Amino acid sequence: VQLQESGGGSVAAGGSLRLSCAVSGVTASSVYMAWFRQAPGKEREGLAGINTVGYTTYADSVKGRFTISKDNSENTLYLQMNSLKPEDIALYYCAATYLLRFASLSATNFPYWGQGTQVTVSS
(Lines of atoms letter the chains of each structure in order from A and count residues from 1; the text may use other names and numbers.)
(Lines give C-alpha, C1' and ligand atoms only; values in the text may rest on other atoms or scores of the structure.)
Protein backbone atom coordinates (compact mmCIF):
# COMPACT_ATOMS: atom_id res chain seq x y z
CA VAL A 1 0.00 0.00 0.00
CA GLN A 2 1.29 3.42 -1.07
CA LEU A 3 -0.54 6.70 -0.38
CA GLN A 4 0.36 10.16 -1.72
CA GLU A 5 -1.61 13.30 -0.88
CA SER A 6 -1.77 16.43 -3.00
CA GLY A 7 -3.91 19.53 -3.29
CA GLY A 8 -3.06 21.36 -0.08
CA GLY A 9 -2.44 25.07 -0.08
CA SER A 10 -3.14 28.46 1.46
CA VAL A 11 -6.56 30.13 1.39
CA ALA A 12 -8.42 32.84 3.25
CA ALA A 13 -11.25 32.04 5.66
CA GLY A 14 -14.31 30.88 3.74
CA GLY A 15 -12.16 29.52 0.92
CA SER A 16 -12.03 26.03 -0.49
CA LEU A 17 -9.58 23.27 -1.35
CA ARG A 18 -9.80 19.80 -2.88
CA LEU A 19 -7.32 17.23 -1.58
CA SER A 20 -6.36 14.13 -3.56
CA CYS A 21 -4.85 10.86 -2.36
CA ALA A 22 -3.22 8.67 -5.01
CA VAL A 23 -3.21 4.97 -4.11
CA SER A 24 -0.45 2.71 -5.43
CA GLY A 25 0.53 -0.90 -4.87
CA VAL A 26 -3.07 -2.06 -4.25
CA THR A 27 -6.53 -1.27 -5.57
CA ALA A 28 -8.38 1.50 -3.77
CA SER A 29 -11.49 -0.71 -4.06
CA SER A 30 -9.93 -3.19 -1.61
CA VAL A 31 -9.28 -0.99 1.46
CA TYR A 32 -11.30 1.15 3.82
CA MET A 33 -10.05 4.70 3.30
CA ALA A 34 -10.18 7.87 5.38
CA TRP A 35 -8.95 11.44 5.69
CA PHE A 36 -7.22 12.57 8.89
CA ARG A 37 -5.62 15.81 9.94
CA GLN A 38 -2.86 16.59 12.42
CA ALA A 39 -3.39 20.08 13.80
CA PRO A 40 -0.31 21.64 15.45
CA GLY A 41 0.55 19.53 18.48
CA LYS A 42 -2.75 17.64 18.30
CA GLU A 43 -3.44 13.95 17.91
CA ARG A 44 -4.58 12.80 14.49
CA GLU A 45 -8.28 13.52 14.04
CA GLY A 46 -10.38 11.33 11.76
CA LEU A 47 -12.54 13.52 9.53
CA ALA A 48 -14.19 11.35 6.89
CA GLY A 49 -14.09 7.70 5.91
CA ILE A 50 -15.62 5.53 3.22
CA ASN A 51 -15.91 1.75 3.05
CA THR A 52 -15.68 -0.23 -0.17
CA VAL A 53 -19.46 -0.30 -0.72
CA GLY A 54 -19.79 3.48 -0.40
CA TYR A 55 -20.83 3.94 3.24
CA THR A 56 -19.46 7.23 4.57
CA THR A 57 -18.73 8.42 8.11
CA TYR A 58 -18.06 12.05 9.02
CA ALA A 59 -16.79 13.78 12.13
CA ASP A 60 -19.14 16.42 13.52
CA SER A 61 -16.28 18.92 13.19
CA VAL A 62 -16.53 18.84 9.37
CA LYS A 63 -20.11 17.77 8.66
CA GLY A 64 -21.75 20.01 6.08
CA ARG A 65 -18.37 21.37 4.93
CA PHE A 66 -16.13 18.47 3.82
CA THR A 67 -17.07 15.68 1.41
CA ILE A 68 -15.15 12.44 0.91
CA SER A 69 -15.35 10.66 -2.43
CA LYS A 70 -13.50 7.94 -4.28
CA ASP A 71 -12.72 7.33 -7.95
CA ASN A 72 -11.79 3.66 -8.27
CA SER A 73 -11.02 4.12 -11.97
CA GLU A 74 -8.28 6.60 -11.02
CA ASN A 75 -7.49 4.73 -7.77
CA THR A 76 -7.75 8.10 -5.99
CA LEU A 77 -9.44 9.41 -2.84
CA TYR A 78 -10.75 12.98 -2.64
CA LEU A 79 -11.69 15.45 0.09
CA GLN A 80 -13.66 18.51 -1.03
CA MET A 81 -13.05 21.16 1.65
CA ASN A 82 -15.52 24.07 1.73
CA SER A 83 -15.98 26.93 4.19
CA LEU A 84 -12.46 26.65 5.58
CA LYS A 85 -11.65 28.25 8.94
CA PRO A 86 -8.45 28.88 10.92
CA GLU A 87 -9.47 25.91 13.09
CA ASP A 88 -8.84 23.72 10.01
CA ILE A 89 -5.08 24.46 9.85
CA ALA A 90 -3.21 21.15 9.86
CA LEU A 91 -1.32 18.64 7.81
CA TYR A 92 -3.97 16.46 6.16
CA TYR A 93 -3.24 12.74 5.84
CA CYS A 94 -4.73 9.98 3.73
CA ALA A 95 -5.05 6.59 5.43
CA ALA A 96 -6.15 3.08 4.51
CA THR A 97 -6.76 -0.23 6.24
CA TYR A 98 -7.76 -3.82 5.53
CA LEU A 99 -9.33 -4.34 8.98
CA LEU A 100 -11.32 -2.19 11.40
CA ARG A 101 -11.41 -2.99 15.13
CA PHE A 102 -12.49 0.40 16.49
CA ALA A 103 -14.87 3.24 15.67
CA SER A 104 -14.32 3.95 11.99
CA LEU A 105 -12.60 7.34 12.26
CA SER A 106 -10.15 6.26 14.98
CA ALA A 107 -6.52 6.46 13.84
CA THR A 108 -5.88 3.15 15.62
CA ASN A 109 -7.67 1.40 12.73
CA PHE A 110 -5.09 2.41 10.14
CA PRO A 111 -1.62 0.98 9.42
CA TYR A 112 -1.15 2.80 6.08
CA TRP A 113 -0.57 6.55 5.95
CA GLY A 114 0.44 9.15 3.41
CA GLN A 115 2.99 11.79 4.32
CA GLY A 116 0.50 14.63 4.62
CA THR A 117 -0.32 17.82 2.72
CA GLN A 118 -0.44 21.26 4.32
CA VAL A 119 -3.62 23.33 4.61
CA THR A 120 -3.31 26.91 5.86
CA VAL A 121 -6.19 29.36 6.34
CA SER A 122 -5.70 33.07 6.95
CA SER A 123 -8.22 34.86 9.15
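Note that residue numbering begins at 1 and tracks the sequence as displayed.
Stretch exceeding the other in mean C-alpha B-factor - 81-89, 36-44: Averaging CA B-factors over each stretch, the winner is 81-89.
Stretch exceeding the other in mean C-alpha B-factor - 92-100, 61-69: It is 61-69.
Third of chain Cα B-factors occupied by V11: For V11, whose C-alpha B-factor we compare with every modelled residue in the chain, the answer is the highest third.
Modelled-residue ranking by C-alpha temperature factor, third containing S20: For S20, whose C-alpha B-factor we compare with every modelled residue in the chain, the answer is the middle third.
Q118, C-alpha B-factor rank within chain (lowest, middle or highest third): Its C-alpha B-factor, which the entry lists for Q118, ranks in the lowest third among residues of this chain.
Within-chain third of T27 by Cα B-factor, per the entry: Ranked within chain, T27 CA B lands in the middle tercile.
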